[PDB]
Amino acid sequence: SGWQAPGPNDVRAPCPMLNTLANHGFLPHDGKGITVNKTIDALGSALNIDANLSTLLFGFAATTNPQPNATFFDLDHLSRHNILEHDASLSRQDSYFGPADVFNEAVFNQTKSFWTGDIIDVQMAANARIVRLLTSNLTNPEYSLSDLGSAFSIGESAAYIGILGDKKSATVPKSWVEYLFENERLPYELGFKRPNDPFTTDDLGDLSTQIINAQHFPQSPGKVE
């Protein structure tokens, strides 16, 4: 009850969380025809994300619809390389190697190795993201990261801490994050509960700044902020 894997005509994204919300039915289970109202309602219902942040994210999502000026998106639209989808994902391979939409065990094994305790803090999240950037740059001859892709990468690490975890301590249990990625199901059984405080654009901004502040390069190699 409450969760179903995708079937052959369902579409999924490179986003572990939208995929999770489609699997649960917060978003349409076939991943299609997502409007601004469905986004607001789904992200508010499942996660207590506020309307303004839901609206901002929807605005970006709509840009990936191949129809111009679209009022909806489908989850597979989000997989279009170098619009929102970017290299040096935590759990997906770069498009250069293979499809950048589905979970990739090799890549996620790398990310997990930088999550060094049972509680993920801002330092571990920043560290895991950095090694993905450097690893893609040195292994992918087509490696790219746009100013928008960089902002998204930083915000994705901020998101799993603040939306799945405790945005005030800026910590999240590692098992919860691993479960979300590996199952695209919410880790309710491991203790996750929908937060009572809405998650805002300013919350995401605050955690994003913390991520950048936890980066200690002697000299930044390329697009790291």
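Note that residue numbering follows the sequence shown and begins at 1.
Asker: Tell me which stretch has the larger mean Cα B-factor in this entry, 21-29 or 5-13.
Answerer: Averaging CA B-factors over each stretch, the winner is 5-13.
Asker: I need to verify one thing: averaged over C-alpha atoms only, is the B-factor higher for 65-73 or for 176-184?
Answerer: Averaging CA B-factors over each stretch, the winner is 65-73.
Asker: Report the option among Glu105, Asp118, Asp101, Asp87 whose CA atom has the maximum B-factor in the deposited record.
Answerer: Answer, based on the entry's C-alpha B-factors: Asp118.
Asker: Lowest, middle or highest third: which one holds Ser157 when the chain's residues are ordered by CA B-factor from the entry?
Answerer: Within its chain, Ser157 is a lowest-third residue by C-alpha B-factor, going by the deposited values.
Asker: How does the C-alpha B factor of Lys193 compare with the rest of the chain: lowest, middle or highest third?
Answerer: Middle third, going by the recorded CA B-factors of the chain.
Asker: Please place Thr139 in the lowest, middle or highest third of its chain according to the CA B-factor in the PDB entry.
Answerer: CA B-factor rank for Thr139: lowest third.
Asker: Report the third (lowest, middle or highest) to which the CA temperature factor of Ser79 belongs, ranking only the modelled residues of the same chain.
Answerer: For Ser79, the deposited C-alpha B-factor lands in the highest third.
Asker: Quick check on the deposited entry: does the C-alpha B-factor of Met124 sit in the lowest, middle or highest third of its chain?
Answerer: Bottom third by C-alpha B-factor.
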